[PDB]
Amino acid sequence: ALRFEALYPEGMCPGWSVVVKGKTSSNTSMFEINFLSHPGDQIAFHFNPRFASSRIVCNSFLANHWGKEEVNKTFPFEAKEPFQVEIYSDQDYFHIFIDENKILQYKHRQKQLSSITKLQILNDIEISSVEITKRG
């Protein structure tokens, strides 16, 4: 189920932060934050905290296939507790911060950064805020 979508047709990468605040409703499900590229609505970056297994899975869906999963060692979420996820892009990576701690970096696989125009947030997250900001 789609919880939030945003579209910035001029391109929101690189040099933009997305800050999502919210909490899960359960400790048995998952949510995802997806950055999509145009045309094709391919998934340049898929950020997928899975609470049933306490794993953050990151990947990209390009040319009709998921790539190699990048799975973080730590799981700094607590079910039903408010969190803040910030995703900031530079020329080389998406940088992920949770509750103001840097957690992981994901190297760009979709190199056409300016075609990343859309953000989708799906599944088990009760959103309290989404901020999309040009950092430089």
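In this text, the rigid core denotes the largest set of C-alpha atoms whose superposition between the two forms falls within 1.5 Å. One-based numbering along the sequence shown.
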### Task
Please indicate which stretch deviates more in 7 other deposited structures of this protein: 58-66 or 72-80, judged by C-alpha RMS distance after a core superposition?
72-80
### Query
Which has the higher mean CA temperature factor in the PDB entry, 72-80 or 96-104?
72-80
### Task
Give the stretch, out of 42-50 and 63-71, with the larger mean C-alpha temperature factor in the deposited entry.
63-71
### Task
Looking at the entry's B-factor column for C-alpha atoms only, identify whether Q112 ranks in the lowest, middle or highest third of its chain.
middle
### Task
Sort the modelled residues of this chain by their C-alpha B factor and say whether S29 lands in the lowest, middle or highest third.
highest
### Message
Can you tell me whether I132 has a C-alpha B-factor in the lowest, middle or highest third compared with the other modelled residues of the same chain?
### Response
lowest
### Message
Using the temperature factors of the C-alpha atoms in this entry, rank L2 within its chain: lowest, middle or highest third.
### Response
highest
### Task
Divide the modelled residues of the chain into thirds by Cα B-factor and specify which third, lowest, middle or highest, holds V19.
lowest
